[PDB]
Amino acid sequence: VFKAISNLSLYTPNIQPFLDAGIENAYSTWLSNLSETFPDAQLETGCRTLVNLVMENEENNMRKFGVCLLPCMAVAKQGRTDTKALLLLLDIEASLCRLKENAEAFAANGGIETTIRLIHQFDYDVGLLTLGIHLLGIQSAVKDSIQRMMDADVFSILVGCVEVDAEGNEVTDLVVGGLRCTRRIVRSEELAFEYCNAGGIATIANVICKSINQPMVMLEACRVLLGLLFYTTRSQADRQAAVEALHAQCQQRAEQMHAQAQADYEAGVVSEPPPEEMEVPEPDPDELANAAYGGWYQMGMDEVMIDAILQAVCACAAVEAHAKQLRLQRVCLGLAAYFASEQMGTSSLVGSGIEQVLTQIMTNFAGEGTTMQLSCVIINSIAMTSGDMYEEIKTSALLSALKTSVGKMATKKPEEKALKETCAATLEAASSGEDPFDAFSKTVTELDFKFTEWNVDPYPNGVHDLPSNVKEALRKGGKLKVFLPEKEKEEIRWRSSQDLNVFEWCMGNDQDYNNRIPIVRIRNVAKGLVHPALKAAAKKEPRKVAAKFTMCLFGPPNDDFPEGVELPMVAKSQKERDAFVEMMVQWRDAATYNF
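Residues numbered from 1 in each chain as written, not as in the entry; some residues may be left out. Part of a larger assembly, values for the part shown. Heavy atoms only, no water.

This entry, as listed in the PDB, derives from X-ray crystallography and reports a resolution of 2.33 Å.

Okay, here's the thing in structure tokens:
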């Protein structure tokens, strides 16, 4: 029975007649009357046909099927020692939770606590862990939910699940989802420290350091860090008033003591004469660091960590394949500008080639306002820090790019003419033969975080907001080898439709692309040996089928695949394998902002 419904509903119009007959109430009654002794094999079957009924569902259906939300949650709370059904139950919780009124019933009945509990139990299953994250990310928009997640220690999950190393075989959808869900939950200084208190700083630092050749992970990590720095950094002005107050304590103290030292000597109770003049009293350096330094110090970041972060940021921003990934360049320059403006990591910036990073951005994106602010803040702050490192970055290529870029800036609207004047002041002080310390004395050396767009959702219009080169490359496509379930290594050519809505592909020697998957239904794209057709091609060909060459693309069910289409594949290189996963990440991401 269950399988008939699933093959019938495979033709999407057939869902409406199932709803006319009341399928949603049948499922509820079936789910709410299960006994834990009910075989999990058929619970698995039923739930897989239920996610098929809500898979290609938008709005009105999510409201009627909502009557199954709570019944599903009951089965998820029941002691399910397996993970096969558990996935499906959270998958239809996530689908149902697309609709706001369900996500609210889900929070109002313990879903947050149940989900966090289930994640911990089964966090060895990244698929269930990834769906748990997605469920939670949704709750970042529900009222009281951020605080319900804090009470249940959600950051233990978010800190633990974004682990990466140097081999480039991360579980991408988990690391990216984790970083994004973190950025979305951190919306307050308090919340930022709780993430720090859970281990977030060390986690984030290592992510950045290992993602020189993982742009998608780099981008989301730097966005998480930029927001932490934003909520925990007071103005340069408030902190300066704090430092002078501290110095006024010490001065007033060193004077009281110097006056007892004079009285005691003149009175004859001590023998040491006091000094002709006081010694300048230095404040306790720990009290002075707390007053003086920005949110980086309040969170426990130290010189060696920052030097390594900014070295990686600079390395990543200068990979040739990254020069025109503006969203990534913006956040790289943002961290470089933040630490430059707070006089940290300056030597790492200049030593890791900040100059060539600034020169290319101003050349490949001449005129653009955000990169020009951040870039100018870097130039200004570096010029005021050291006349020697400033000279290192002040070069013909940089000034020629600065001149050309300052002139290409907008001038129509009044807000734009203000921005151009600030960059213009940087170009002027550079060209002046007067000392940099005086030339740049009246230019801005403090970061406005809005120019980093760290919290700005991309793709407001959808897939056709993708950068042109990503669209051109998605359409370009590529060739791979697919290790079909029960067949030999077969050639495969893929390609995005002109539509950018369809993952087309031909196989073997075919040249018409008759196999098609709508990009929104591509559930996951995973790196490594995650399919038996790849684990078995490894034992039989270990050097050509290694984890750095392989991947698998999971999609919607099909007449061939009753449980879901899966394409285990292998590339000629890791760079080809990583590039594939990289486009797929942006493509699917941008598709979620359609209609």
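A.B. asks: Can you lay out the sheet that holds strand 3 (residues 502–507) for me, pointing to particular residues and giving the numbers?
C.D. replies: Pairing in this open sheet of seven strands is antiparallel, and the strands run 4-3-2-1-7-6-5 from one edge to the other. Since the sheet does not close on itself, it has two edges, and those belong to strand 4 (515–518) and strand 5 (524–527), each with one partner. Adjacent strand axes in the sheet meet at a mean angle of 35° when their direction is disregarded. With four bridges connecting them, strand 3 and strand 4 associate as antiparallel partners. Across the sheet, residue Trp505 finds its bridge partner in strand 4, namely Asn515. The sheet contacts of helix 30 (residues 532–539) involve strand 1 (478–483), strand 6 (550–554) and strand 7 (566–570), and relative to strand 7 the element is tilted by about 30°. Across the face of the sheet, helix 31 (residues 574–591) comes into contact with strand 1, strand 2 (489–496), strand 3, strand 5, strand 6 and strand 7 while running at roughly 155° to strand 5. (Pairing = 2+ DSSP bridges. Helix = DSSP H or I, 4+ residues; strand = E, 2+ residues; numbered from the N terminus. Axes fitted to C-alpha atoms, helices over the stretch in contact; angles between N-to-C directions. Contact = heavy atoms within 4.5 Å.)

A.B. asks: Run through a negative patch on the surface, naming residues and quoting values.
C.D. replies: Together, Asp151, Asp153, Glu190 and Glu194 make up a region of like negative charge exposed at the surface. Tracing the backbone shows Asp153 in the loop between helix 11 (145–151) and helix 12 (154–160). (Patch = residues over 30% accessible without salt bridge, like charges linked within 9 Å, V, L, I, M, F, W, Y side chains within 5 Å. Areas by Shrake-Rupley, 256 points an atom, 1.4 Å probe, with all protein chains shown as cover. Salt bridge = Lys/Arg side-chain N within 4 Å of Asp/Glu carboxyl O. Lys, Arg positive; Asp, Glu negative; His and termini not counted. Charge placed at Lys NZ, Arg CZ, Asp CG, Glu CD.)

A.B. asks: Explain the environment of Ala152 to me, and be specific about the residues and the numbers.
C.D. replies: Note that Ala152 resides in the loop between helix 11 and helix 12. Along the sequence, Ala152 and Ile112 sit 40 residues apart, while their C-alpha atoms lie 8.2 Å from each other.

A.B. asks: I'd like to hear about the nonpolar core, residue by residue, with values.
C.D. replies: The biggest cluster of nonpolar side chains holds 142 residues, and the ones touching the most others in it are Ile208, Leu229, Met301, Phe339 and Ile354. In contact with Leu229, other than residues within four places in its own chain, are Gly295, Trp296, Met299, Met301, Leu335, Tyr338, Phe339 and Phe449. If you look at the next biggest cluster of nonpolar residues, it comprises 33 residues, including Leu466, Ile517, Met551 and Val565. (Core = buried A, V, L, I, M, F, W, Y, C linked by side-chain atoms within 4.5 Å. Buried < 20%, exposed > 50% of the residue type's maximum accessible area, 1.4 Å probe, protein only.)

A.B. asks: Would you mind going over the packing of aromatic side chains in detail, with residue names and values included?
C.D. replies: In total, this model carries 20 aromatic pairs according to the counting rule given. Aromatic pair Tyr293 and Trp296: ring centres 5.1 Å apart, planes at 35°, arrangement tilted. Owing to a relative accessible area of 1%, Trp296 belongs among the buried residues under this scheme. Measuring from ring centre to ring centre gives 5.5 Å for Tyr293 and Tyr297, while their planes differ by 55°; the resulting arrangement is tilted. The exposure class of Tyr293 is partly exposed, given its relative accessible area of 31%. In this structure an aromatic cluster arises from ring pairing among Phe230, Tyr231, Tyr338, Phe339, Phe449 and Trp454. One cation-aromatic arrangement involves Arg495 over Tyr513; the distance from NZ or CZ to the ring centre is 4.0 Å. (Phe/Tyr/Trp six-rings, centres within 6.5 Å; stacked < 30°, edge-to-face > 60°. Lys NZ or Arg CZ within 6 Å of the ring centre and 35° of its normal.)

A.B. asks: How would you sum up the packing of helix 20 (residues 303–317) against helix 21 (residues 326–341)? Please name residues and give values.
C.D. replies: Running from amino to carboxyl end, helix 20 crosses helix 21 at an angle of 150°, the nearest separation of the two axes being 10 Å. Between helix 20 and helix 21, the interaxial angle falls into the category roughly antiparallel. Along this stretch, helix 20 crosses helix 21, giving a crossing that reads as left-handed. Contacts from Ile306, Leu310, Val313, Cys316 and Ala317 of helix 20 reach helix 21 at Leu328, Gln329, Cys332, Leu335, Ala336 and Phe339. By residue class, the composition of the contact of helix 20 with helix 21 is 10 nonpolar, one polar and no charged. (Parallel < 35°, antiparallel > 145°, perpendicular 65-115°, else oblique. Left-handed = near helix turned anticlockwise from the far one by under 90°. Nonpolar A, V, L, I, M, F, W, Y, C, P; charged D, E, K, R; others polar.)

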